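Chemist: Have a look at the structure that comes next, please.
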Amino acid sequence: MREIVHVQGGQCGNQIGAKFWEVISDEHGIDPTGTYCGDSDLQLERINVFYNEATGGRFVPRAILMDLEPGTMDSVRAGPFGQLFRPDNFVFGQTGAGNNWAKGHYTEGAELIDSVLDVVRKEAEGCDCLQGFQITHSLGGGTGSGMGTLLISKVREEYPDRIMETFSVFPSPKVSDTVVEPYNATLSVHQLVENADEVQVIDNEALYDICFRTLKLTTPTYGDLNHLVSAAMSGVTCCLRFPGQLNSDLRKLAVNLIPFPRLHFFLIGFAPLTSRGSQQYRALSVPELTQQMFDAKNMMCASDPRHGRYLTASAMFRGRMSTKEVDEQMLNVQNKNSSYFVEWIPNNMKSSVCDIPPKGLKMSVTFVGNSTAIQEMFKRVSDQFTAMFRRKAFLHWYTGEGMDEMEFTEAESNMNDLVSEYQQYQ
Amino acid sequence: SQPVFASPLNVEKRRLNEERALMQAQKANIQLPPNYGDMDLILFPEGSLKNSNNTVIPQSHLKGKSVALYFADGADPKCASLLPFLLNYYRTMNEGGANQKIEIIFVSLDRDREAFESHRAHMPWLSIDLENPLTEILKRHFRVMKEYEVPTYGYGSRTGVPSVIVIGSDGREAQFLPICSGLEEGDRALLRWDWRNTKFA
Amino acid sequence: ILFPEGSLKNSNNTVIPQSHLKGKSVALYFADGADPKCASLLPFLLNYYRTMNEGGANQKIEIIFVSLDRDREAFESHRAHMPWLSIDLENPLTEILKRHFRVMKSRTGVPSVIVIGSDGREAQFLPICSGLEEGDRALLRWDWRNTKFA
Amino acid sequence: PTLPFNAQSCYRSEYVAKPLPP
Amino acid sequence: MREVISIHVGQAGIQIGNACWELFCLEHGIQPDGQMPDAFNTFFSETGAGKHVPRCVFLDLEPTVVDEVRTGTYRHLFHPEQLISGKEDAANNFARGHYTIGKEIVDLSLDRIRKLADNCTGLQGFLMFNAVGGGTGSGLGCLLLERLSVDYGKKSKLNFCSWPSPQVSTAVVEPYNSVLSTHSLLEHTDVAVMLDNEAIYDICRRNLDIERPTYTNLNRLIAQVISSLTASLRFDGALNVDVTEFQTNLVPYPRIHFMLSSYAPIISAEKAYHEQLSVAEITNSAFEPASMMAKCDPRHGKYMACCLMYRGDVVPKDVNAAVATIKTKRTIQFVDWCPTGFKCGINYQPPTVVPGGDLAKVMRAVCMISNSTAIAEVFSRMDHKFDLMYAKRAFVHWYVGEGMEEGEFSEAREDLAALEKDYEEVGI
């Protein structure tokens, strides 16, 4: 049938993925040992989309774990749902790309691609016909931003008639992890725009804002924050697994969102986001789901959407809700928030009604949107690159490992060009 | 085998009726096992129903009236909301004629005897006592449950408490009143009742 | 049932059941012998009792007295003032009610007449020693017409 | 590990065994 | 459904509101837990099945009283984001609320109203609750009421004010705060029910025979008036009147919209036992100089418009005869150009009652609202109290230092002078 291969690259990807497989497993009701209980045909009829039977009732996920240091791959092994993964699925580097894109890509990474492609195609050809891939990486680090974008380029040329969606974490406005930040991001954007179909942006600090305000949690760990991405990254792919009235797919929303091939960078929002205190005092309906999903303090990218106009936007509703109440409201918001959208697209919005609500919750929506509000975000990465290039700071750590100074000049030109189209289309 | 197969009323029904079917077939062209159409059962036994005067009435008293079961809990807020409107509907609809029109049976999802009697003091229609097994048998028959406690056999919850089910002579679900259902007409779904074509024959 | 079969005694120290109270307004009187305030409130209460029973053809009001005295020697000595019912100091019921209605020798203290409804359900505090502080005059605001034991 | 999910599709709900015309 | 929205600004309106929504919960039979064990749609929404949520907004710049509402009785029936709390109180300064510190709450408030007002059409009006004398009630009350006038130009909005009394003022800057209030609370609002506090002080001591009350008795008594005002929006009756045709009946010209109130009966269990409150005499007590709630004798003014919601069992016999009696009275003088003056309203629902409060259950009530010229000196009294203090610049530098300008104080002078000039112009 239809298969989605999961690849997890880098430290951030491997952490974020281990929480994702927890959300999928209990959405389908699978014991962490791998066996089945939960008693429903409709949660089970589409299980080959992520899992493979192994003759003891069990499911091993079609996930491959990759990293250039074995530190965080034992983290997922020892931690929750570590028994589920396949030991052959792990691929180790013993050295570690120390936040260096150069050794992520050219020098150090090249001798490990010969192994990671082995397992991926071994899982690929086992089925009838593959549908797509999904990759979790952060564009800050080395073993995700460079070591990941090479695996993007290799599997794309092997199987050009399939798709891929990458959940990517970028830099931040104020606080700044990984002081060689703009080098790894810009070098990865100009590769990611050339070899990948869809990219969901995530920022730590719109994501820090949400848990401070909405969830009302004072000291937020990695576990609870990844649980908030994993629900969204489960929500976008509900429709492949569960039936509904107005069905969707990755390719269904791939063609419906992007007008032109070079701009495919998407924002994510999720709703409802309710603290413990306000949980019993809300009467969850389709109206305020739309009002929650169009909120500047709700999106997971630290861009205020009020600067730009939304170009194309999709809504994967989830549960049993009536459908004029669906469609009439997207009409409402498009007419009411006339300045928020773009005039040269009639019916800016897109809808989908996936028939099974998340577990325990009753009425959920997951908002994906191609905005032009990433004018300010990529011009942020741009001037950070210019600030650290004229002084030529930290260039030696890259140049000494087969890098070229010509690559950085192309990278800025090839990313200032991406800014050009966002501003052009107002 | 309507509306479900795996219900205690239907297992008792099947056992009794084909016991009788085999006996008379041997004693005599008769189709075994008997069709669900051909089967006959007594739904409410001798001492089940008891009215507003605390007097037991037989099943034959319910002939000619649209009867409906009402699964209620004393402490459930939704049931506390639905009760006044069901009472008012009973009031007006039965007052407005020189003929009895509808009748309500009370089936208790309540916790205990005290609370059951306290809640039953408010209702002017018939009821089945909570210690009577017929309450649990009717719950499993019509697949109403507040929580997955009793196993269901690949089915789901038909509804939640509160619910009104217009019934027939043989345990047929004549129609479901959408109080808390796929439609959610809280307090308003009672007007959907087609009392003319669902008489307890 | 608020009171078991033996917590109530009349003026002649003979037990009466729960059922006898019905038809008429009933109040609990939290008090003690030693207190100047109880000494000052007792006679006003006596006159109120007398007039509210005299003016008409029914019994309208009835008082059950709960003691916070030190022991028995004070208990009979302050019970012999009273032509109404009282709860024995040696029954547990006194400590349960004490703790329940929150008089303490903490929000409220002696004296405190509080009218009692159907089942628990105190109707009004009778602001004799409260924020209102209607000394010997709060007594009049009793609503016997509204509350009748049943 | 889950206790069982008991919401049901609209198609399964309502296109059921109707009593037949003869 | 047809509805009305409630706004409480400052320490005055907040605990009035505490007394307000206590009754409405008891009127509809909903417990403080929030659940009961279409008539209420005009004041309460629905949350799932069986849970009802108030449709009000609270607004105050300090959390010292806002927190007190949240941790009180209504922890679960209210909503946490329904209450808006700032950081620093305006502290008896018109300039602190209207100019500097208020701006950070208006953007938060505007968002709330817009989210509450958009969903259902057929809204009817708004209900302010504030003290004129208090700073936040005057300051942040104004800019919110100013902003609502610009946005929903179409829409009715009632005001309820606690005007400073001729003796008791409880603040030194009451004359400054009030005259500044009404310049910017003449134009923006529609109708403003004037109330004084020492008026109700003599109410509690004479009819309700309590020799010293406090705030929880004041707010309990204003809650009965507003519940008798707006029951017609909630429940049915033989003849009911809403918000939108109060202003039709009572406001002849756009400036003259400051009016009094009175409520009969105001009688304890002392005397509800002892006499009828018959229609022939509850209206007589309504016109009595005692029962009015705005501390000015109507003998030295001319009545011009009156509105009388009888609530409870009144047969129309008694109405007509009682009306005719009032015209015959020579002590009550109407203005000659206004032959009719009375807009009767009879409801059928009995009067409501707090439990364990000083209000006795009565089988009929009258809530009389009266546009009269007796307001003329109440405006000139505060004008005189302004004239003393303005004479040498006292307490000006607080207002000036915050961001106001000297000179807008002057603009309020001819504004209030025009208001006193109008009443003496109209009432001849």
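Same order as they appear, the protein sequences are chains A, B, C, D and E. One point on numbering: in UniProt numbering, the residue at position 408 of the first sequence is 408, and numbering is uninterrupted. Just so we're aligned: the second sequence equals residues 2 to 29, 35 to 207 in UniProt numbering. Just so we're aligned: the third sequence equals residues 48 to 152, 163 to 207 in UniProt numbering. Quick note: to get UniProt numbering, add 236 to the position in the fourth sequence (first position is 1). Just so we're aligned: the fifth sequence equals residues 1 to 37, 47 to 437 in UniProt numbering. Backbone N, C-alpha and C fix where the C-beta goes; we use that ideal spot for every residue, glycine too.
For the structure I just gave you, are there three or more beta carbon pairs, one from the stretch 81 to 93 of chain A and one from the stretch 126 to 136 of chain A, closer than 8 angstroms?
Modeler: Contact fails: fewer than three Cβ-Cβ distances are below 8 angstroms.
Chemist: Given this structure, state the Cα-to-Cα distance separating A/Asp249 from A/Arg162, to the nearest angstrom.
Modeler: For this step, residue 249 of chain A is matched to residue 249 along the first sequence. For this step, residue 162 of chain A is matched to residue 162 along the first sequence. Whole-angstrom Cα-Cα distance: 13 angstroms.
Chemist: Report the start-end ranges of each beta strand (DSSP E) in the stretch 184 to 255 of chain E that is 3 residues or longer and not cut off at the edges.
Modeler: With a minimum length of 3 residues, the continuous beta strand (DSSP E) runs that stay inside the stretch 184 to 255 of chain E are 200 to 205.
Chemist: Please compile the residues from chain B whose C-beta is within a distance smaller than 7 angstroms of the C-beta of D/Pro240.
Modeler: Looking up residue 240 of chain D in the fourth sequence gives position 4. The answer, in chain order, is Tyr154.
Chemist: Tell me which residues share the same chain as E/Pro222 and place their Cβ nearer than 6 angstroms to its Cβ, disregarding the 5 neighbours each side in the sequence.
Modeler: Reading the fifth sequence from its first residue, position 213 is the one you call residue 222 of chain E. Here the set comprises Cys213.
Chemist: Can you grab the Cα-Cα spacing for the pair E/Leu230 / E/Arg79, in whole Å?
Modeler: Position 221 of the fifth sequence, counting from 1, holds the residue named residue 230 of chain E. Position 70 of the fifth sequence, counting from 1, holds the residue named residue 79 of chain E. So the two alpha carbons sit approximately 23 angstroms from each other.
Chemist: Run the CB neighbour count on A/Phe260, radius 10 Å, all protein chains shown included, and call it buried at 16 or more, exposed below.
Modeler: The residue labelled residue 260 of chain A in the question sits at position 260 within the first sequence. So A/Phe260 counts as exposed.
Chemist: Name, please, each residue of chain B whose Cβ falls closer than 7 angstroms to the Cβ of D/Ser249.
Modeler: Residue numbering aside, residue 249 of chain D sits at position 13 when the fourth sequence is read from its first letter. Neighbours of D/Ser249 on chain B, chain order: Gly188.
Chemist: Output, in chain order, the set of chain B residues within a Cβ distance shorter than 9 angstroms of E/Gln35.
Modeler: Translated into the one-based positions of the fifth sequence, residue 35 of chain E becomes position 35. Correct list: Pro83, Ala86, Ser87.
Chemist: Check each residue of the stretch 154 to 177 of chain B: if its Cβ is closer than 7 angstroms to any Cβ of chain D, include it; give the result in chain order.
Modeler: Flagged, chain order: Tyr154, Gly162, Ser163.
Chemist: Please work out which residues of its chain come closer than 8 angstroms, Cβ to Cβ, to C/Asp82, disregarding the five sequence neighbours upstream and downstream, and give them in chain order.
Modeler: Taking the third sequence and counting its residues from 1, the one referred to as residue 82 of chain C is at position 35. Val167, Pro168, listed in sequence order.
Chemist: Can you name the residues of chain C whose CB is closer than 7 angstroms to the CB of E/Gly365?
Modeler: As a position in the fifth sequence, residue 365 of chain E is number 356, starting the count at 1. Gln181, listed in chain order.
Chemist: What is the DSSP secondary structure of E/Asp47, reduced to helix, strand or coil?
Modeler: For the purposes of this step, residue 47 of chain E is taken as the residue at position 38 of the fifth sequence. Note: E/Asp47 maps to coil in three-state DSSP.
Chemist: Checking contacts by CB at 8 angstroms: is E/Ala278 closer than that to chain F?
Modeler: No chain F is present in this structure, whose protein chains are A, B, C, D and E.
Chemist: Which runs of the beta strand (DSSP E) fall wholly inside the stretch 25 to 87 of chain A and span at least 3 residues, in chain order?
Modeler: Runs found: 51 to 53, 59 to 61, 63 to 67.
Chemist: Going by DSSP, name the residue or residues bridged to B/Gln181.
Modeler: The count along the second sequence starts at 1 and reaches residue 181 of chain B at position 175. B/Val172, per the DSSP bridge assignment.
Chemist: When the cut-off is 8 angstroms and only beta carbons count, does C/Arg97 lie next to chain E?
Modeler: If you number the third sequence from 1, residue 97 of chain C lands on position 50. It does not: the Cβ of C/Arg97 has no partner Cβ on chain E nearer than 8 angstroms.
Chemist: Mind pulling the alpha helix (DSSP H) runs of 4 or more residues that sit fully within the UniProt domain "Tubulin/FtsZ 2-layer sandwich" (246 to 383) of chain A?
Modeler: For the UniProt domain "Tubulin/FtsZ 2-layer sandwich" (246 to 383) of chain A, whole alpha helix (DSSP H) runs of length 4 or above, ordered along the chain, are 250 to 257, 286 to 293, 323 to 336.
Chemist: Which word fits B/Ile48, buried or exposed, when buried means at least 16 other C-beta atoms lie within 10 angstroms of its C-beta?
Modeler: As a working mapping, residue 48 of chain B is identified with position 42 in the second sequence. With fewer than 16 other Cβ atoms within 10 Å, it is exposed.
Chemist: Output, in chain order, the set of chain D residues within a Cβ distance shorter than 9 angstroms of A/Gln43.
Modeler: Here the question's residue 43 of chain A lines up with position 43 in the first sequence. Within 9 angstroms Cβ-Cβ: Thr238, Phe241.
Chemist: Against chain B, does E/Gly436 count as a neighbour if the rule is that its beta carbon must be under 8 angstroms from one of theirs?
Modeler: As a working note, residue 436 of chain E is residue 427 in the fifth sequence. Chain B, which has no Cβ nearer than 8 angstroms to the Cβ of E/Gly436, makes this no.
Chemist: In whole angstroms, what is the alpha-carbon distance linking C/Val113 and C/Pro130?
Modeler: Taking the first residue of the third sequence as position 1, residue 113 of chain C is located at position 66. Taking the first residue of the third sequence as position 1, residue 130 of chain C is located at position 83. If you take the alpha carbons of C/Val113 and C/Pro130, they lie about 14 angstroms apart.
Chemist: So the alpha helix (DSSP H) E/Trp172 belongs to, where does it begin and stop?
Modeler: The residue labelled residue 172 of chain E in the question sits at position 163 within the fifth sequence. From DSSP, E/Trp172 is part of no alpha helix (DSSP H) but of the beta strand (DSSP E) over 167 to 172.
Chemist: Leaving aside the five residues before and after E/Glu155 along the sequence, list all residues of the same chain whose C-beta is less than 6 angstroms from its C-beta, in chain order.
Modeler: Counting from one through the fifth sequence, the residue named residue 155 of chain E turns up at place 146. Contacts found: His197.
Chemist: Taking the alpha-carbon positions, what's the E/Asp120 to A/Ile113 distance?
Modeler: One-based indexing of the fifth sequence puts residue 120 of chain E at position 111. One-based indexing of the first sequence puts residue 113 of chain A at position 113. Computed Cα separation, rounded: 53 angstroms.
Chemist: Taking beta-carbon pairs under 8 angstroms, can you tell me which members of the UniProt domain "Tubulin/FtsZ 2-layer sandwich" (246 to 383) of chain A lie near chain E?
Modeler: Result list: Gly277, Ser278, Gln280, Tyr281, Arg282, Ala283, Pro287, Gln291.
Chemist: Find out if the Cβ-Cβ distance for the pair B/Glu109, B/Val73 is shorter than 8 angstroms.
Modeler: Reading the second sequence from its first residue, position 103 is the one you call residue 109 of chain B. Reading the second sequence from its first residue, position 67 is the one you call residue 73 of chain B. Yes, the pair counts as a contact, with Cβ atoms nearer than the cut-off.
Chemist: Just to confirm, is the Cβ distance from E/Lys166 to E/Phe135 under 8 angstroms?
Modeler: Your numbering for residue 166 of chain E matches position 157 in the fifth sequence. Your numbering for residue 135 of chain E matches position 126 in the fifth sequence. Yes, Cβ-Cβ distance for E/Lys166 and E/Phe135 is below 8 angstroms.
Chemist: Tell me whether A/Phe20 sits in a helix, a strand or coil according to DSSP, three-state version.
Modeler: For this step, residue 20 of chain A is matched to residue 20 along the first sequence. A/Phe20: helix per DSSP, three-state reduction.
Chemist: From E/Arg308 to E/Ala299, what does the alpha carbon distance come to, in whole angstroms?
Modeler: Within the fifth sequence, numbered from 1, the residue matching residue 308 of chain E stands at position 299. Within the fifth sequence, numbered from 1, the residue matching residue 299 of chain E stands at position 290. Cα to Cα, E/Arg308 sits roughly 12 angstroms from E/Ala299.
Chemist: Kindly list, in the order they appear in chain E, the residues whose Cβ is closer than 7 angstroms to that of C/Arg198.
Modeler: What you label residue 198 of chain C is simply residue 141 of the third sequence in a count that begins at 1. Going along chain E in sequence order, the residues near C/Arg198 (Cβ under 7 angstroms) are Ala278.
Chemist: Would you mind working out which of E/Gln11, E/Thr56, E/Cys25 sits nearest E/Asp76, comparing C-alpha positions?
Modeler: For this step, residue 76 of chain E is matched to residue 67 along the fifth sequence. Of E/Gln11, E/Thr56, E/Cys25, the residue nearest in Cα terms is E/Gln11.
Chemist: Looking only at C-alpha atoms, which of B/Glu153, B/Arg126, B/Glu142 sits nearest to A/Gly360?
Modeler: Position 360 of the first sequence, counting from 1, holds the residue named residue 360 of chain A. Comparing Cα positions, the closest option is B/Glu153.
Chemist: Find the nearest neighbour of E/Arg402 within the set E/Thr337, E/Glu415, E/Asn356, judged by alpha-carbon distance.
Modeler: By 1-based counting over the fifth sequence, the position of residue 402 of chain E is 393. Looking at the Cα atoms, E/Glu415 is the closest of the given residues.
Chemist: Between E/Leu125 and A/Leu215, what straight-line distance do the alpha-carbon atoms span, to the nearest angstrom?
Modeler: As a position in the fifth sequence, residue 125 of chain E is number 116, starting the count at 1. As a position in the first sequence, residue 215 of chain A is number 215, starting the count at 1. If you take the alpha carbons of E/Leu125 and A/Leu215, they lie about 23 angstroms apart.
Chemist: Under 8 angstroms, do A/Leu246 and A/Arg46 count as touching if we go by C-beta distance?
Modeler: In the first sequence, counting from the first residue as 1, residue 246 of chain A sits at position 246. In the first sequence, counting from the first residue as 1, residue 46 of chain A sits at position 46. Against a cut-off of 8 angstroms, the Cβ pair of A/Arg46 and A/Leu246 comes out as no contact.
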